[PDB]
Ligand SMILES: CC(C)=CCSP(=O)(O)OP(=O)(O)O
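Below you will find one chain, with nothing else, as structure tokens; this is the form solved without dimethylallyl S-thiolodiphosphate (DST), and questions on how it binds or moves follow later.
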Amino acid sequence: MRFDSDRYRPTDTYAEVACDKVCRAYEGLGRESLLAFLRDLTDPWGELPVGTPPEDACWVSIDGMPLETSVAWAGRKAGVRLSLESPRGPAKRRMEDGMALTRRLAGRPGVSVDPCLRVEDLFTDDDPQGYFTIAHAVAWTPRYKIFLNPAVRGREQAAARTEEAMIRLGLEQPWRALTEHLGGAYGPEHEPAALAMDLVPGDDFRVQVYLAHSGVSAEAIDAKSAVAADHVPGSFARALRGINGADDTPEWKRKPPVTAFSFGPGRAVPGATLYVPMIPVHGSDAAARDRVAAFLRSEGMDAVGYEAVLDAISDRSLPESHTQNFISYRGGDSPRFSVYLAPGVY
């Protein structure tokens, strides 16, 4: 990986970059305290110089940075979020960094890490495999999330570890409903690629299971979420076809669409949100932007806001920028849209 940035000095720290990106995201939506918060949150690696890329790229950003900025639109409001993952190595050290951060979140206001701690052993190991083990996100209105890799000991065990976690968390009923709807097994068609967890107590607790959809059409992807609590028939197929076009490009096959199924206490079936791959299915952020903006407009959603965030946060002109990871989408009466962005520094 090569450091390459028109905006940052190689001596700027990861924490300082995270602060700048988060601020500019808010600018797009229309500081010393924040930086202190983020330096704290990213301890100790937050102090490291961005000019030296980690020896192993982080799973959390497509440019391999330990940071990914997110803006999420929902219920007529917009919020900024930051995902983070230690850039240290080897994988065992990266893992243990995340374990430490989970425990340092435990005491914070409104935070509950108990459900995380109940299933942590399923997603950690002395000899972790895969591209990641532990990552987190913070969201301001501060609320925290953790991301976990079900393939920590191989893709082969992903479904089993995911299932065992769902059962421990008391979510076997909607997990069974999903599993049955999917045909009873979890192959490449709908493969558990990540699990996430809102670190909060109560009925607001939720778990997301992200399923990657390899070798399957827009229409069949849409059908997989007909079991969901709020899925407009055809809405995912229209998003995938409208934004991302042909499903036979090498780039498509390299980065398949993902559905995040969301589970919570007292909810017999999961929710569903569509993750539409951006880079490298599109040749640049500008090309992605035009196609996403067209879709948002035809859905009556706020494309002006999406483009404002893109322009504020991006360091290079968009036809030469490749920072959009996914957008996420749910249609219906309570629609949702989010954009996920690499810093664009490596």
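Only residues modelled in both forms are compared. Residue numbers run from 1 along the displayed sequence. Each form is matched to the other, and the largest set of C-alpha atoms that superpose within 1.5 Å is called the rigid core.
Unshown form solved in complex with dimethylallyl S-thiolodiphosphate (DST); subsequent notes refer to it.
The site on this chain is open, since dimethylallyl S-thiolodiphosphate (DST), superimposed from its pose in the deposited bound form on the surrounding C-alphas, has no atom within 2.4 angstroms of any backbone or C-beta atom. Although the partner is absent from this view, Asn244 stays clear of dimethylallyl S-thiolodiphosphate (DST) in the deposited bound form, with no non-hydrogen atom inside 4.5 angstroms.
A residue is said to contact a partner when one of its heavy atoms sits within 4.5 Å of a partner heavy atom; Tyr210 meets this definition for dimethylallyl S-thiolodiphosphate (DST) in the deposited bound form. Contact annotation: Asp285 falls outside 4.5 Å of dimethylallyl S-thiolodiphosphate (DST) in the deposited bound form, judged by heavy atom distances.
The closest non-hydrogen atom of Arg206 lies within 4.5 Å of dimethylallyl S-thiolodiphosphate (DST) in the deposited bound form.
Site annotation in the deposited bound form: the residue of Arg176, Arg238, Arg88, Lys145 reaching within 4.5 Å of dimethylallyl S-thiolodiphosphate (DST) with a heavy atom is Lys145. Among the residues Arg267, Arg153, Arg81, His181, the one placing a heavy atom within 4.5 Å of dimethylallyl S-thiolodiphosphate (DST) in the deposited bound form is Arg81. Just one listed stretch, out of 145-153, 96-104, 230-238, 119-127, contacts dimethylallyl S-thiolodiphosphate (DST) in the deposited bound form at the 4.5 Å heavy atom level, and that stretch is 145-153. Of all the residues from 275-290, the single one having a non-hydrogen atom no more than 4.5 Å from dimethylallyl S-thiolodiphosphate (DST) in the deposited bound form is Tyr275. Comparing the forms between this form and the one not shown on their core, residues 250-253 form the single run of at least three in a row where every Cα shifts 2 Å or more.
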